[PDB]
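**Student:** Below is a structure I'd like to ask you about.
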Amino acid sequence: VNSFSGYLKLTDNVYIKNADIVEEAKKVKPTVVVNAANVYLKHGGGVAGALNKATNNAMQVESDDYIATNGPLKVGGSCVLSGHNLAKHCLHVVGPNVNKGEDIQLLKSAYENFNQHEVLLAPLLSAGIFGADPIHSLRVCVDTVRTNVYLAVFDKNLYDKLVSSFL
Ligand SMILES: OCC1(Nc2ncnc3[nH]ccc23)CC1
Ligand SMILES: [Cl-]
């Protein structure tokens with residue numbers, strides 16, 4: 001039993017809700033919130049800009065030190081950093097950016113990072129400003145993630161279409 005509330009069960013391990021991931025994080029304080037990161041951990045907009053703003057820019061400050069030490073992430077890769085006031089940990093995951101021509105096949109690799117954590121609050125990777133088909137992102141999630149994932153989907157109209165086309 002966990003404290004996630006109001007989610008629709010899609011499969012044995014995947015759940016979904018029409019909500020801002022930032023608000024779900026503020027309410028649940030999950031062990032792991034997933035950020036839809038880019039390789040530079042520049043948290044400007046979308047999920048990343050919203051999470052970072054909610055941390056009063058502490059996420060960005062921590063991220064800049066991470067990059068200065070370690071260099072950029074790989075597309076499809078991830079790192080674990082602090083969750084600040086939103087969660088215990090933030091798993092920064094880089095899905096491919098279709099607008100930059102990055103290989104959508106890397107979306108599966110991106111979701112594989114979720115399997116290192118038993119329970120996660122996550123957005124749809126590569127959706128929104130990242131330019132991929134969100135229906136496809138949900139399919140890859142369900143077919144790749146084996147741990148328990150709670151998907152917060154900000155856009156109401158998007159949430160409605162994701163549910164209806166699933167089974
Ligand atoms: O609409 C779904 C998507 N975006 C978001 N999802 C969850 N929480 C969010 N907070 C800000 C943006 C945002 C993935 C594209
Ligand atoms: Cl977005």
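Naming works like this for the structure tokens: A, B, ... for the chains as they're shown, residue 1 at the start of each chain, ligands 1 onward in shown order.
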So that I can check the surroundings of residue 134 (chain A), please list as a list in words every protein, DNA and RNA residue that reaches within 10 Å of it, counting only C-alpha atoms and ignoring chain neighbours fewer than 5 positions away.

**Tutor:** residues 124, 125, 126, 127, 128, 139, 140, 158, 159, 161 and 162 of chain A

**Student:** Write out as an MDAnalysis selection string the residues lying within 7 Å of region 101-111 of chain A, counting only C-alpha atoms and excluding same-chain residues fewer than 5 positions away.

**Tutor:** chainID A and resid 76:77 93:96 140:141 144:145

**Student:** For CA of residue 130 (chain A) and CA of residue 142 (chain A), quote the distance in Å rounded to one decimal.

**Tutor:**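 Answer for the CA of residue 130 (chain A) to CA of residue 142 (chain A) separation: 19.2 Å.
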
**Student:** Can you pull out every residue within 12 Å of residue 52 (chain A), counting only C-alpha atoms, but drop anything in the same chain fewer than 4 positions away, and send it as a PDB file with N, CA and C atoms, in the first residue's frame?

**Tutor:**
ATOM      1  N   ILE A  21       2.814  16.915 -12.184  1.00  0.00           N
ATOM      2  CA  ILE A  21       3.749  16.110 -11.399  1.00  0.00           C
ATOM      3  C   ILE A  21       4.263  16.894 -10.197  1.00  0.00           C
ATOM      4  N   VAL A  22       4.389  18.216 -10.334  1.00  0.00           N
ATOM      5  CA  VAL A  22       4.847  19.047  -9.223  1.00  0.00           C
ATOM      6  C   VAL A  22       3.867  18.968  -8.059  1.00  0.00           C
ATOM      7  N   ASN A  35      12.376  13.449 -13.305  1.00  0.00           N
ATOM      8  CA  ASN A  35      12.434  14.653 -14.117  1.00  0.00           C
ATOM      9  C   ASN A  35      12.664  14.290 -15.573  1.00  0.00           C
ATOM     10  N   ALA A  36      11.946  14.979 -16.463  1.00  0.00           N
ATOM     11  CA  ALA A  36      12.154  14.857 -17.906  1.00  0.00           C
ATOM     12  C   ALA A  36      13.305  15.783 -18.303  1.00  0.00           C
ATOM     13  N   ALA A  37      14.520  15.280 -18.104  1.00  0.00           N
ATOM     14  CA  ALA A  37      15.737  16.070 -18.199  1.00  0.00           C
ATOM     15  C   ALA A  37      16.259  16.128 -19.631  1.00  0.00           C
ATOM     16  N   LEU A  41      21.198  18.993 -18.090  1.00  0.00           N
ATOM     17  CA  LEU A  41      20.434  19.304 -16.885  1.00  0.00           C
ATOM     18  C   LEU A  41      20.150  20.803 -16.781  1.00  0.00           C
ATOM     19  N   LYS A  42      19.712  21.384 -17.900  1.00  0.00           N
ATOM     20  CA  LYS A  42      19.233  22.767 -17.946  1.00  0.00           C
ATOM     21  C   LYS A  42      17.713  22.722 -17.854  1.00  0.00           C
ATOM     22  N   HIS A  43      17.189  23.045 -16.675  1.00  0.00           N
ATOM     23  CA  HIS A  43      15.782  22.796 -16.359  1.00  0.00           C
ATOM     24  C   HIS A  43      14.941  24.037 -16.669  1.00  0.00           C
ATOM     25  N   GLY A  44      14.731  24.276 -17.960  1.00  0.00           N
ATOM     26  CA  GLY A  44      14.142  25.535 -18.383  1.00  0.00           C
ATOM     27  C   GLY A  44      12.628  25.579 -18.474  1.00  0.00           C
ATOM     28  N   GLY A  45      12.014  24.490 -18.929  1.00  0.00           N
ATOM     29  CA  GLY A  45      10.595  24.473 -19.220  1.00  0.00           C
ATOM     30  C   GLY A  45      10.024  23.076 -19.107  1.00  0.00           C
ATOM     31  N   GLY A  46       8.725  22.964 -19.372  1.00  0.00           N
ATOM     32  CA  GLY A  46       8.054  21.689 -19.231  1.00  0.00           C
ATOM     33  C   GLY A  46       8.180  21.153 -17.819  1.00  0.00           C
ATOM     34  N   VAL A  47       8.233  19.825 -17.717  1.00  0.00           N
ATOM     35  CA  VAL A  47       8.400  19.177 -16.420  1.00  0.00           C
ATOM     36  C   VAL A  47       9.613  19.739 -15.687  1.00  0.00           C
ATOM     37  N   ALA A  48      10.751  19.847 -16.383  1.00  0.00           N
ATOM     38  CA  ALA A  48      11.986  20.218 -15.696  1.00  0.00           C
ATOM     39  C   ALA A  48      11.924  21.646 -15.167  1.00  0.00           C
ATOM     40  N   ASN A  56      12.751  26.362  -5.887  1.00  0.00           N
ATOM     41  CA  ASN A  56      13.374  27.671  -5.711  1.00  0.00           C
ATOM     42  C   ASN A  56      14.766  27.706  -6.349  1.00  0.00           C
ATOM     43  N   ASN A  57      14.953  26.970  -7.447  1.00  0.00           N
ATOM     44  CA  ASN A  57      16.199  26.887  -8.219  1.00  0.00           C
ATOM     45  C   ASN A  57      17.270  26.013  -7.547  1.00  0.00           C
ATOM     46  N   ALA A  58      16.983  25.375  -6.409  1.00  0.00           N
ATOM     47  CA  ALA A  58      17.982  24.509  -5.789  1.00  0.00           C
ATOM     48  C   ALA A  58      18.309  23.314  -6.677  1.00  0.00           C
ATOM     49  N   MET A  59      17.325  22.795  -7.408  1.00  0.00           N
ATOM     50  CA  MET A  59      17.599  21.711  -8.346  1.00  0.00           C
ATOM     51  C   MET A  59      18.632  22.135  -9.391  1.00  0.00           C
ATOM     52  N   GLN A  60      18.489  23.343  -9.937  1.00  0.00           N
ATOM     53  CA  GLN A  60      19.437  23.817 -10.940  1.00  0.00           C
ATOM     54  C   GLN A  60      20.835  23.987 -10.358  1.00  0.00           C
ATOM     55  N   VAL A  61      20.939  24.551  -9.150  1.00  0.00           N
ATOM     56  CA  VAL A  61      22.247  24.745  -8.529  1.00  0.00           C
ATOM     57  C   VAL A  61      22.946  23.401  -8.341  1.00  0.00           C
ATOM     58  N   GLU A  62      22.220  22.412  -7.816  1.00  0.00           N
ATOM     59  CA  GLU A  62      22.781  21.080  -7.631  1.00  0.00           C
ATOM     60  C   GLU A  62      23.180  20.469  -8.968  1.00  0.00           C
ATOM     61  N   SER A  63      22.329  20.655  -9.979  1.00  0.00           N
ATOM     62  CA  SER A  63      22.584  20.091 -11.300  1.00  0.00           C
ATOM     63  C   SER A  63      23.826  20.696 -11.941  1.00  0.00           C
ATOM     64  N   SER A  82      19.209  14.916  -5.536  1.00  0.00           N
ATOM     65  CA  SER A  82      18.257  15.174  -4.469  1.00  0.00           C
ATOM     66  C   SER A  82      16.862  15.466  -5.021  1.00  0.00           C
ATOM     67  N   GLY A  83      15.845  15.082  -4.253  1.00  0.00           N
ATOM     68  CA  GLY A  83      14.491  15.504  -4.535  1.00  0.00           C
ATOM     69  C   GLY A  83      14.101  16.810  -3.888  1.00  0.00           C
ATOM     70  N   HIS A  84      15.002  17.416  -3.120  1.00  0.00           N
ATOM     71  CA  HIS A  84      14.780  18.728  -2.507  1.00  0.00           C
ATOM     72  C   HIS A  84      13.502  18.663  -1.682  1.00  0.00           C
ATOM     73  N   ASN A  85      12.613  19.635  -1.805  1.00  0.00           N
ATOM     74  CA  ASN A  85      11.379  19.686  -1.048  1.00  0.00           C
ATOM     75  C   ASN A  85      10.263  18.868  -1.677  1.00  0.00           C
ATOM     76  N   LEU A  86      10.522  18.175  -2.785  1.00  0.00           N
ATOM     77  CA  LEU A  86       9.474  17.499  -3.543  1.00  0.00           C
ATOM     78  C   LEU A  86       9.452  15.986  -3.372  1.00  0.00           C
ATOM     79  N   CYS A  90      15.403  12.731  -6.866  1.00  0.00           N
ATOM     80  CA  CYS A  90      14.956  12.989  -8.227  1.00  0.00           C
ATOM     81  C   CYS A  90      15.804  12.161  -9.183  1.00  0.00           C
ATOM     82  N   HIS A  92      16.745  12.047 -12.739  1.00  0.00           N
ATOM     83  CA  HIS A  92      16.770  12.848 -13.960  1.00  0.00           C
ATOM     84  C   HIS A  92      16.983  11.894 -15.123  1.00  0.00           C
TER      85      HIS A  92
END

**Student:** Going by DSSP on the backbone, which residues of region 31-88 of chain A come out as strand (DSSP E or B)? List them as an MDAnalysis selection string.

**Tutor:** chainID A and resid 32:37 78:82
